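See below for upload.cif, which holds mmCIF, C-alpha atoms and all ligand atoms.
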data_run
#
loop_
_atom_site.group_PDB
_atom_site.id
_atom_site.type_symbol
_atom_site.label_atom_id
_atom_site.label_comp_id
_atom_site.auth_asym_id
_atom_site.auth_seq_id
_atom_site.Cartn_x
_atom_site.Cartn_y
_atom_site.Cartn_z
ATOM 1 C CA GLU A 3 21.877 5.653 -1.982
ATOM 2 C CA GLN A 4 22.301 8.059 -4.923
ATOM 3 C CA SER A 5 19.296 9.363 -6.820
ATOM 4 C CA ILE A 6 19.815 8.937 -10.568
ATOM 5 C CA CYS A 7 16.494 10.485 -11.645
ATOM 6 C CA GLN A 8 13.379 12.270 -10.397
ATOM 7 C CA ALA A 9 10.089 12.124 -12.289
ATOM 8 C CA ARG A 10 6.546 13.276 -11.571
ATOM 9 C CA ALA A 11 3.992 10.478 -11.771
ATOM 10 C CA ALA A 12 0.854 9.049 -10.268
ATOM 11 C CA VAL A 13 1.984 5.658 -8.976
ATOM 12 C CA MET A 14 -0.538 2.875 -9.602
ATOM 13 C CA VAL A 15 -0.797 -0.818 -8.827
ATOM 14 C CA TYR A 16 -3.094 -3.234 -10.615
ATOM 15 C CA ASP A 17 -5.952 -4.843 -8.688
ATOM 16 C CA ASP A 18 -6.180 -7.996 -10.802
ATOM 17 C CA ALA A 19 -9.393 -9.168 -9.099
ATOM 18 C CA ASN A 20 -11.264 -6.063 -10.311
ATOM 19 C CA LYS A 21 -9.156 -5.553 -13.453
ATOM 20 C CA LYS A 22 -8.383 -1.917 -12.667
ATOM 21 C CA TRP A 23 -5.588 0.349 -11.562
ATOM 22 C CA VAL A 24 -5.682 1.708 -8.001
ATOM 23 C CA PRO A 25 -3.469 4.353 -6.386
ATOM 24 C CA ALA A 26 -0.327 2.997 -4.766
ATOM 25 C CA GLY A 27 -0.403 3.476 -1.001
ATOM 26 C CA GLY A 28 -4.147 4.105 -1.095
ATOM 27 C CA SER A 29 -4.418 7.790 -2.037
ATOM 28 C CA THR A 30 -4.776 9.453 -5.419
ATOM 29 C CA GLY A 31 -2.254 12.082 -6.394
ATOM 30 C CA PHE A 32 1.155 12.730 -7.860
ATOM 31 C CA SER A 33 4.440 11.558 -6.400
ATOM 32 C CA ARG A 34 8.087 12.368 -6.974
ATOM 33 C CA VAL A 35 9.537 9.085 -8.208
ATOM 34 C CA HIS A 36 13.265 8.363 -7.982
ATOM 35 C CA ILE A 37 15.495 5.587 -9.084
ATOM 36 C CA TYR A 38 18.064 5.150 -6.298
ATOM 37 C CA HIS A 39 21.423 3.469 -6.932
ATOM 38 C CA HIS A 40 23.165 1.587 -4.114
ATOM 39 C CA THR A 41 26.744 1.436 -5.344
ATOM 40 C CA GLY A 42 28.024 -1.129 -2.817
ATOM 41 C CA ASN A 43 26.233 -4.013 -4.560
ATOM 42 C CA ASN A 44 25.150 -2.144 -7.728
ATOM 43 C CA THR A 45 21.437 -2.378 -6.964
ATOM 44 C CA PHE A 46 18.649 -0.019 -8.022
ATOM 45 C CA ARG A 47 15.193 0.665 -6.571
ATOM 46 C CA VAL A 48 12.140 2.709 -7.565
ATOM 47 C CA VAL A 49 11.105 4.885 -4.618
ATOM 48 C CA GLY A 50 8.217 7.330 -4.870
ATOM 49 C CA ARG A 51 6.851 9.744 -2.294
ATOM 50 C CA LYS A 52 3.566 11.647 -2.424
ATOM 51 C CA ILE A 53 4.136 15.339 -3.087
ATOM 52 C CA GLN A 54 1.586 16.377 -0.419
ATOM 53 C CA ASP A 55 2.345 14.267 2.651
ATOM 54 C CA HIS A 56 5.641 12.534 1.732
ATOM 55 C CA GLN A 57 4.171 9.021 2.113
ATOM 56 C CA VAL A 58 6.350 6.401 0.439
ATOM 57 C CA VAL A 59 3.932 4.789 -2.022
ATOM 58 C CA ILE A 60 6.413 2.581 -3.918
ATOM 59 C CA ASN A 61 9.742 1.052 -2.894
ATOM 60 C CA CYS A 62 10.539 -1.804 -5.228
ATOM 61 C CA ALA A 63 13.618 -3.542 -6.530
ATOM 62 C CA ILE A 64 14.716 -3.355 -10.157
ATOM 63 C CA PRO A 65 15.973 -6.866 -10.938
ATOM 64 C CA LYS A 66 18.302 -7.736 -13.766
ATOM 65 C CA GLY A 67 16.289 -8.769 -16.825
ATOM 66 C CA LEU A 68 13.162 -6.801 -15.928
ATOM 67 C CA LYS A 69 10.823 -6.208 -18.855
ATOM 68 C CA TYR A 70 9.913 -2.502 -18.729
ATOM 69 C CA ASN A 71 6.860 -1.824 -20.884
ATOM 70 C CA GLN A 72 6.383 1.649 -22.355
ATOM 71 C CA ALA A 73 2.696 1.160 -23.043
ATOM 72 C CA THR A 74 2.204 4.808 -24.014
ATOM 73 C CA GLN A 75 4.426 7.880 -24.059
ATOM 74 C CA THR A 76 3.117 8.744 -20.567
ATOM 75 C CA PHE A 77 2.200 5.368 -18.969
ATOM 76 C CA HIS A 78 4.908 2.770 -18.299
ATOM 77 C CA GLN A 79 4.558 -0.433 -16.305
ATOM 78 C CA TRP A 80 6.396 -3.477 -15.031
ATOM 79 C CA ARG A 81 5.725 -6.369 -12.713
ATOM 80 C CA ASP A 82 7.178 -8.628 -10.068
ATOM 81 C CA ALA A 83 6.069 -11.986 -8.725
ATOM 82 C CA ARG A 84 3.423 -10.317 -6.567
ATOM 83 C CA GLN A 85 2.333 -6.969 -8.075
ATOM 84 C CA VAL A 86 2.065 -4.974 -11.309
ATOM 85 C CA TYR A 87 3.183 -1.336 -11.084
ATOM 86 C CA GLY A 88 2.234 1.538 -13.348
ATOM 87 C CA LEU A 89 3.523 5.132 -13.592
ATOM 88 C CA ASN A 90 1.120 7.677 -15.074
ATOM 89 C CA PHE A 91 3.664 10.403 -15.761
ATOM 90 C CA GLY A 92 2.867 14.098 -15.520
ATOM 91 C CA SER A 93 4.525 14.787 -18.879
ATOM 92 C CA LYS A 94 6.376 13.089 -21.721
ATOM 93 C CA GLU A 95 9.577 14.708 -20.471
ATOM 94 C CA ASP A 96 9.083 13.000 -17.095
ATOM 95 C CA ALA A 97 8.457 9.654 -18.808
ATOM 96 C CA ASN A 98 11.628 10.034 -20.902
ATOM 97 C CA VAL A 99 13.763 10.939 -17.890
ATOM 98 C CA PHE A 100 12.489 7.964 -15.911
ATOM 99 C CA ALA A 101 12.727 5.511 -18.818
ATOM 100 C CA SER A 102 16.316 6.645 -19.546
ATOM 101 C CA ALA A 103 17.399 5.955 -15.989
ATOM 102 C CA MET A 104 15.490 2.659 -15.895
ATOM 103 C CA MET A 105 16.993 1.485 -19.171
ATOM 104 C CA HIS A 106 20.451 2.519 -17.917
ATOM 105 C CA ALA A 107 20.018 0.490 -14.709
ATOM 106 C CA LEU A 108 18.942 -2.511 -16.756
ATOM 107 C CA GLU A 109 22.024 -2.159 -18.992
ATOM 108 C CA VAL A 110 24.540 -2.097 -16.095
ATOM 109 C CA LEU A 111 22.975 -4.796 -13.890
ATOM 110 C CA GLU B 3 5.180 -10.533 19.676
ATOM 111 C CA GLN B 4 2.150 -12.477 20.944
ATOM 112 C CA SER B 5 -1.014 -12.674 18.859
ATOM 113 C CA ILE B 6 -4.072 -11.749 20.950
ATOM 114 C CA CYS B 7 -6.627 -12.274 18.179
ATOM 115 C CA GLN B 8 -7.121 -13.421 14.609
ATOM 116 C CA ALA B 9 -10.010 -12.179 12.468
ATOM 117 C CA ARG B 10 -10.962 -12.516 8.812
ATOM 118 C CA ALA B 11 -11.379 -9.186 7.030
ATOM 119 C CA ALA B 12 -10.863 -7.353 3.793
ATOM 120 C CA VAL B 13 -8.467 -4.577 4.794
ATOM 121 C CA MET B 14 -9.261 -1.227 3.162
ATOM 122 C CA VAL B 15 -7.803 2.295 3.212
ATOM 123 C CA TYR B 16 -9.724 5.442 2.345
ATOM 124 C CA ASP B 17 -8.632 7.430 -0.709
ATOM 125 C CA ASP B 18 -9.277 10.978 0.563
ATOM 126 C CA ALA B 19 -8.828 12.581 -2.850
ATOM 127 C CA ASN B 20 -11.058 10.201 -4.851
ATOM 128 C CA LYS B 21 -13.569 9.608 -2.006
ATOM 129 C CA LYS B 22 -13.512 5.826 -2.151
ATOM 130 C CA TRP B 23 -12.259 2.805 -0.223
ATOM 131 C CA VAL B 24 -9.354 0.992 -1.856
ATOM 132 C CA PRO B 25 -7.921 -2.432 -0.956
ATOM 133 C CA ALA B 26 -4.940 -2.148 1.362
ATOM 134 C CA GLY B 27 -1.752 -3.164 -0.399
ATOM 135 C CA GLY B 28 -3.424 -2.823 -3.799
ATOM 136 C CA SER B 29 -5.192 -6.179 -4.077
ATOM 137 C CA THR B 30 -8.780 -7.062 -3.256
ATOM 138 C CA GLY B 31 -9.393 -10.067 -1.048
ATOM 139 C CA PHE B 32 -9.524 -11.298 2.522
ATOM 140 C CA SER B 33 -6.697 -11.235 5.029
ATOM 141 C CA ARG B 34 -6.026 -12.800 8.399
ATOM 142 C CA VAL B 35 -5.788 -9.811 10.726
ATOM 143 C CA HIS B 36 -4.025 -10.068 14.077
ATOM 144 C CA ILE B 37 -3.463 -7.728 16.960
ATOM 145 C CA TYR B 38 0.067 -8.438 18.194
ATOM 146 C CA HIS B 39 1.226 -7.501 21.704
ATOM 147 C CA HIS B 40 4.874 -6.597 22.332
ATOM 148 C CA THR B 41 5.191 -7.106 26.065
ATOM 149 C CA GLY B 42 8.540 -5.334 26.475
ATOM 150 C CA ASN B 43 6.960 -1.886 26.091
ATOM 151 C CA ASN B 44 3.281 -2.883 26.221
ATOM 152 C CA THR B 45 2.634 -1.926 22.596
ATOM 153 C CA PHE B 46 0.025 -3.319 20.198
ATOM 154 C CA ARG B 47 -0.118 -3.411 16.408
ATOM 155 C CA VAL B 48 -2.653 -4.448 13.772
ATOM 156 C CA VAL B 49 -0.971 -6.768 11.263
ATOM 157 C CA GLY B 50 -2.887 -8.364 8.393
ATOM 158 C CA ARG B 51 -1.692 -10.774 5.725
ATOM 159 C CA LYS B 52 -3.540 -11.771 2.566
ATOM 160 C CA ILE B 53 -4.825 -15.324 2.798
ATOM 161 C CA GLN B 54 -3.713 -16.114 -0.761
ATOM 162 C CA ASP B 55 -0.181 -14.750 -1.184
ATOM 163 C CA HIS B 56 0.730 -13.717 2.399
ATOM 164 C CA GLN B 57 1.335 -10.047 1.529
ATOM 165 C CA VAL B 58 1.395 -7.852 4.637
ATOM 166 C CA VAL B 59 -1.315 -5.337 3.761
ATOM 167 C CA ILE B 60 -1.519 -3.532 7.133
ATOM 168 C CA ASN B 61 1.022 -3.089 9.919
ATOM 169 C CA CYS B 62 -0.006 -0.133 12.047
ATOM 170 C CA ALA B 63 0.368 1.029 15.620
ATOM 171 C CA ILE B 64 -2.510 1.136 18.085
ATOM 172 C CA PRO B 65 -1.856 4.333 20.071
ATOM 173 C CA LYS B 66 -3.261 5.087 23.479
ATOM 174 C CA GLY B 67 -6.466 7.100 23.075
ATOM 175 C CA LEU B 68 -7.400 5.785 19.631
ATOM 176 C CA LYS B 69 -11.056 6.258 18.697
ATOM 177 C CA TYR B 70 -12.171 2.932 17.195
ATOM 178 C CA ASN B 71 -15.416 3.391 15.258
ATOM 179 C CA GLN B 72 -17.749 0.411 14.899
ATOM 180 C CA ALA B 73 -19.549 1.921 11.924
ATOM 181 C CA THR B 74 -21.612 -1.231 11.322
ATOM 182 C CA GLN B 75 -21.635 -4.688 12.864
ATOM 183 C CA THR B 76 -19.170 -5.842 10.164
ATOM 184 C CA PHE B 77 -17.239 -2.659 9.166
ATOM 185 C CA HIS B 78 -14.964 -0.986 11.715
ATOM 186 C CA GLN B 79 -12.506 1.824 11.102
ATOM 187 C CA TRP B 80 -9.905 4.084 12.700
ATOM 188 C CA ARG B 81 -7.316 6.550 11.563
ATOM 189 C CA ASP B 82 -3.860 7.956 12.082
ATOM 190 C CA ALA B 83 -2.429 11.308 11.018
ATOM 191 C CA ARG B 84 -2.014 10.091 7.439
ATOM 192 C CA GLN B 85 -4.576 7.386 6.603
ATOM 193 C CA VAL B 86 -7.990 5.974 7.464
ATOM 194 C CA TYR B 87 -8.148 2.181 7.834
ATOM 195 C CA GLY B 88 -11.223 0.006 7.475
ATOM 196 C CA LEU B 89 -11.847 -3.686 8.188
ATOM 197 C CA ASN B 90 -14.711 -5.285 6.243
ATOM 198 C CA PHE B 91 -15.061 -8.400 8.353
ATOM 199 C CA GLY B 92 -16.055 -11.773 6.957
ATOM 200 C CA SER B 93 -18.645 -12.239 9.714
ATOM 201 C CA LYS B 94 -20.116 -10.600 12.796
ATOM 202 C CA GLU B 95 -18.205 -13.126 14.912
ATOM 203 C CA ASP B 96 -14.921 -11.949 13.365
ATOM 204 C CA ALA B 97 -15.860 -8.318 14.011
ATOM 205 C CA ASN B 98 -16.655 -9.130 17.660
ATOM 206 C CA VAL B 99 -13.410 -10.995 18.229
ATOM 207 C CA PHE B 100 -11.331 -8.177 16.744
ATOM 208 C CA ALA B 101 -13.256 -5.376 18.445
ATOM 209 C CA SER B 102 -12.954 -7.086 21.827
ATOM 210 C CA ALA B 103 -9.166 -7.410 21.501
ATOM 211 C CA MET B 104 -8.849 -3.819 20.236
ATOM 212 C CA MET B 105 -10.903 -2.540 23.152
ATOM 213 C CA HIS B 106 -8.748 -4.584 25.540
ATOM 214 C CA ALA B 107 -5.571 -3.042 24.118
ATOM 215 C CA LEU B 108 -7.040 0.422 24.448
ATOM 216 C CA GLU B 109 -7.946 -0.238 28.094
ATOM 217 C CA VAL B 110 -4.445 -1.394 29.134
ATOM 218 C CA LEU B 111 -2.394 1.183 27.215
HETATM 219 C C1 LIG C 201 -8.773 6.363 -19.002
HETATM 220 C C2 LIG C 201 -7.747 6.383 -17.884
HETATM 221 O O1 LIG C 201 -7.867 5.138 -17.209
HETATM 222 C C3 LIG C 201 -7.159 4.160 -17.847
HETATM 223 O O2 LIG C 201 -7.130 4.020 -19.067
HETATM 224 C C4 LIG C 201 -6.463 3.258 -17.038
HETATM 225 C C5 LIG C 201 -5.929 3.853 -15.729
HETATM 226 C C6 LIG C 201 -4.881 4.743 -16.332
HETATM 227 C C7 LIG C 201 -3.923 5.320 -15.308
HETATM 228 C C8 LIG C 201 -4.731 6.276 -14.463
HETATM 229 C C9 LIG C 201 -4.121 3.735 -17.175
HETATM 230 C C10 LIG C 201 -3.342 4.425 -18.124
HETATM 231 C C11 LIG C 201 -3.050 4.099 -19.449
HETATM 232 C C12 LIG C 201 -3.434 2.972 -20.177
HETATM 233 C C13 LIG C 201 -2.322 2.402 -21.006
HETATM 234 C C14 LIG C 201 -3.045 1.146 -21.446
HETATM 235 N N1 LIG C 201 -3.552 0.623 -20.131
HETATM 236 C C15 LIG C 201 -3.816 -0.606 -19.664
HETATM 237 O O3 LIG C 201 -4.219 -0.822 -18.520
HETATM 238 C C16 LIG C 201 -3.710 -1.667 -20.555
HETATM 239 C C17 LIG C 201 -5.070 -1.806 -21.229
HETATM 240 C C18 LIG C 201 -5.056 -3.259 -21.545
HETATM 241 C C19 LIG C 201 -4.775 -3.720 -20.099
HETATM 242 C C20 LIG C 201 -4.508 -5.072 -19.968
HETATM 243 C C21 LIG C 201 -3.504 -5.510 -19.104
HETATM 244 C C22 LIG C 201 -2.685 -4.617 -18.386
HETATM 245 C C23 LIG C 201 -3.094 -4.321 -16.954
HETATM 246 C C24 LIG C 201 -2.636 -5.557 -16.261
HETATM 247 C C25 LIG C 201 -1.167 -5.534 -16.723
HETATM 248 N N2 LIG C 201 -1.345 -5.307 -18.201
HETATM 249 C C26 LIG C 201 -0.594 -5.651 -19.262
HETATM 250 O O4 LIG C 201 -0.916 -5.387 -20.422
HETATM 251 C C27 LIG C 201 0.745 -6.335 -19.001
HETATM 252 C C28 LIG C 201 1.775 -5.296 -19.469
HETATM 253 C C29 LIG C 201 3.114 -5.693 -19.402
HETATM 254 C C30 LIG C 201 3.739 -6.132 -20.567
HETATM 255 C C31 LIG C 201 5.077 -6.517 -20.544
HETATM 256 C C32 LIG C 201 5.793 -6.448 -19.353
HETATM 257 C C33 LIG C 201 5.169 -5.994 -18.184
HETATM 258 C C34 LIG C 201 3.831 -5.619 -18.209
HETATM 259 CL CL1 LIG C 201 3.066 -5.045 -16.759
HETATM 260 N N3 LIG C 201 0.806 -7.592 -19.791
HETATM 261 C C35 LIG C 201 1.208 -8.752 -19.243
HETATM 262 C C36 LIG C 201 1.222 -9.938 -20.189
HETATM 263 O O5 LIG C 201 1.565 -8.873 -18.065
HETATM 264 C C37 LIG C 201 -2.596 -3.390 -19.027
HETATM 265 O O6 LIG C 201 -1.623 -2.666 -18.849
HETATM 266 N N4 LIG C 201 -3.579 -2.948 -19.800
HETATM 267 C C38 LIG C 201 -3.675 1.803 -19.243
HETATM 268 C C39 LIG C 201 -4.942 1.994 -18.679
HETATM 269 O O7 LIG C 201 -5.909 1.357 -19.097
HETATM 270 N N5 LIG C 201 -5.195 2.895 -17.745
HETATM 271 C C1 LIG C 202 -23.077 0.348 2.004
HETATM 272 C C2 LIG C 202 -22.052 0.772 0.966
HETATM 273 O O1 LIG C 202 -20.755 0.827 1.566
HETATM 274 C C3 LIG C 202 -19.857 1.273 0.660
HETATM 275 O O2 LIG C 202 -20.169 1.610 -0.480
HETATM 276 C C4 LIG C 202 -18.540 1.449 1.113
HETATM 277 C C5 LIG C 202 -17.569 0.247 0.901
HETATM 278 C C6 LIG C 202 -18.075 -0.599 2.021
HETATM 279 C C7 LIG C 202 -17.245 -1.866 2.252
HETATM 280 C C8 LIG C 202 -15.768 -1.542 2.345
HETATM 281 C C9 LIG C 202 -17.966 0.388 3.197
HETATM 282 C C10 LIG C 202 -18.734 -0.116 4.273
HETATM 283 C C11 LIG C 202 -19.633 0.515 5.132
HETATM 284 C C12 LIG C 202 -19.983 1.872 5.183
HETATM 285 C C13 LIG C 202 -20.096 2.437 6.570
HETATM 286 C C14 LIG C 202 -20.236 3.866 6.115
HETATM 287 N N1 LIG C 202 -19.053 4.029 5.211
HETATM 288 C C15 LIG C 202 -18.321 5.114 4.916
HETATM 289 O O3 LIG C 202 -17.358 5.057 4.160
HETATM 290 C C16 LIG C 202 -18.716 6.357 5.479
HETATM 291 C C17 LIG C 202 -19.719 7.019 4.522
HETATM 292 C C18 LIG C 202 -19.502 8.489 4.756
HETATM 293 C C19 LIG C 202 -18.008 8.436 4.523
HETATM 294 C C20 LIG C 202 -17.337 9.622 4.878
HETATM 295 C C21 LIG C 202 -16.150 9.596 5.618
HETATM 296 C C22 LIG C 202 -15.586 8.365 6.056
HETATM 297 C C23 LIG C 202 -14.438 7.797 5.208
HETATM 298 C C24 LIG C 202 -13.315 8.566 5.725
HETATM 299 C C25 LIG C 202 -13.484 8.259 7.222
HETATM 300 N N2 LIG C 202 -14.905 8.577 7.379
HETATM 301 C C26 LIG C 202 -15.578 8.925 8.481
HETATM 302 O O4 LIG C 202 -16.781 9.165 8.480
HETATM 303 C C27 LIG C 202 -14.792 9.023 9.800
HETATM 304 C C28 LIG C 202 -15.214 7.819 10.683
HETATM 305 C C29 LIG C 202 -14.540 7.800 11.915
HETATM 306 C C30 LIG C 202 -15.223 8.232 13.046
HETATM 307 C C31 LIG C 202 -14.612 8.214 14.287
HETATM 308 C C32 LIG C 202 -13.312 7.769 14.430
HETATM 309 C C33 LIG C 202 -12.622 7.295 13.313
HETATM 310 C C34 LIG C 202 -13.229 7.328 12.063
HETATM 311 CL CL1 LIG C 202 -12.324 6.737 10.724
HETATM 312 N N3 LIG C 202 -15.093 10.326 10.395
HETATM 313 C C35 LIG C 202 -14.101 11.135 10.778
HETATM 314 C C36 LIG C 202 -14.560 12.484 11.344
HETATM 315 O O5 LIG C 202 -12.906 10.825 10.715
HETATM 316 C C37 LIG C 202 -16.556 7.344 6.165
HETATM 317 O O6 LIG C 202 -16.408 6.357 6.894
HETATM 318 N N4 LIG C 202 -17.643 7.348 5.434
HETATM 319 C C38 LIG C 202 -18.812 2.677 4.674
HETATM 320 C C39 LIG C 202 -18.877 2.628 3.280
HETATM 321 O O7 LIG C 202 -19.396 3.532 2.615
HETATM 322 N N5 LIG C 202 -18.517 1.595 2.589
#
Before anything else, please render the file you have as structure tokens.
Amino acid sequence: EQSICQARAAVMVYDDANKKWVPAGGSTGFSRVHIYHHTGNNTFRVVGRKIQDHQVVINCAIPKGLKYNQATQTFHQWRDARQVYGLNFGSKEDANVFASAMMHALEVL
Amino acid sequence: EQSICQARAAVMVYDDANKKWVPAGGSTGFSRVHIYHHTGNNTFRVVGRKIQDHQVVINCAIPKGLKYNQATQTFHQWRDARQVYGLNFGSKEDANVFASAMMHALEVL
């Protein structure tokens, strides 16, 4: 597993019942969010760990054809069949780094 | 893995930074919460799955010596080194079933 980017973001999931974003993994705060590339089968995953306690708060696949929505310059989101994920980036530079790597993955899948 | 109880509860985790309970796994709603016994090493785990979509929202160890707090007749809680867990039970009967199995586990560990 090779890291292809690192970006600072608060990782959020959407609680559709209450129509609001909640912190991924249950605790508010910033994470270091990677995209990891597994070269053996050319797969990519988003993996984020809390800066403070290292808890993995997101570990999700990036499937071919994913629609990655850059809602704002610092909040991007996507979904799977079960959850909606959001990254509230610490800076525009972090958002650009992460989006670049994401868009690359989606181009080579 | 043998189930020793099933109880209906909304599984919550405490957000230490934002001082609020958040739904475990990111989505509000009730789960079926088991305690499972692994006889090979006499271990016990709390495992809860959303009723609707089957998401595993809790899968945590029950260590010897755990302090299980029956805060109210329908809200019980405990913690590990990283998180605080809460079960908002659907009824007093559900709370009693779960608490009795938890207390059993803690007696035989
Ligand atoms: C003050 C600070 O607090 C906020 O403002 C809150 C918490 C802030 C972080 C702490 C966060 C930050 C920024 C803003 C940015 C705007 N935004 C929203 O949520 C917008 C508002 C409208 C709302 C409606 C829907 C919602 C959520 C549910 C998913 N979705 C969709 O639109 C999906 C999108 C999609 C499109 C294509 C592909 C994939 C996907 Cl996923 N569409 C569909 C068809 O699936 C969404 O994203 N929505 C954020 C926000 O409010 N907040
Ligand atoms: C009516 C309105 O109810 C609410 O609005 C919310 C949502 C309600 C439904 C989901 C839920 C239900 C019932 C009440 C019951 C009260 N309660 C709280 O959270 C109390 C209030 C004060 C607050 C402060 C701390 C907090 C959380 C963090 C853990 N902890 C501790 O005290 C721990 C406990 C502990 C003791 C021993 C062993 C293990 C552990 Cl874990 N102590 C320590 C030393 O670890 C806690 O439990 N707290 C609930 C609540 O408010 N709500």
Test item: the PyMOL selection byres (((not hetatm)) within 6 of (chain C and resi 201)) resolved as a PyMOL selection string = chain A and resi 23+69-71+73-74+77+79-81+86+90
Between A:76, A:44, A:4, A:20, which is the closest to chain B once you count all atoms listed in the file?
->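 Ranked by minimum distance to chain B, first place goes to A:20.
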Quick one: of B:65, B:50, B:25, B:92, who's nearest to residue 5 (chain B), counting all atoms listed in the file?
->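 Residue with the minimum atom-to-atom distance to residue 5 (chain B): B:50.
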From B:21, B:52, B:106, B:47, residue lying nearest ligand LIG 202 (chain C) [all atoms listed in the file] | B:21
Got a sec to resolve the PyMOL selection byres ((chain B) within 12 of (chain A)) on this structure and send the residues as number ranges by chain?
-> B: 13-32, 52, 54-60, 83-88
Which distance in Å separates CA of residue 95 (chain B) and CA of residue 8 (chain B), to one decimal?
->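 Here the two named atoms are 11.1 Å from each other.
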Considering only C-alpha atoms, return as a ChimeraX atom specification whatever protein or nucleic-acid residues lie within 8 Å of residue 46 (chain A), sequence-local ones (same chain, fewer than 4 positions apart) excluded.
-> /A:37-40,63-65,107
In Å, rounded to a single decimal, give me how far CA of residue 7 (chain B) is from atom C15 of ligand LIG 202 (chain C).
->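 Spanning atom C15 of ligand LIG 202 (chain C) to CA of residue 7 (chain B) is a straight-line distance of 24.8 Å.
In terms of minimum interatomic distance to ligand LIG 202 (chain C), B:68 ranks closest within B:103, B:62, B:9, B:68, counting only C-alpha atoms and all ligand atoms.
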Extract, using all atoms listed in the file, all DNA, RNA and protein residues at most 9 Å from residue 93 (chain A), discarding same-chain residues fewer than 2 positions from it, and format them as JSON, numbers by chain.
-> {"A": [10, 11, 75, 76, 90, 91, 95, 96, 97, 98]}
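Take the candidates B:94, B:66, B:108, B:3 and check each one against residue 42 (chain B) using all atoms listed in the file; the shortest distance goes to B:3.
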Interatomic distance, atom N4 of ligand LIG 202 (chain C) to CA of residue 53 (chain A) (Å, one decimal) =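 Separation between atom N4 of ligand LIG 202 (chain C) and CA of residue 53 (chain A): 24.7 Å.
Minimum atom-to-atom distance to residue 67 (chain A), evaluated using all atoms listed in the file, belongs to A:82 out of A:101, A:36, A:12, A:82.
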Listed atoms of region 64-81 of chain B boxed along x, y and z, 3 Å each side, centre and edge lengths in Å, one decimal, as JSON:
{"center_x": -11.7, "center_y": 0.6, "center_z": 16.3, "size_x": 25.8, "size_y": 18.9, "size_z": 20.3}
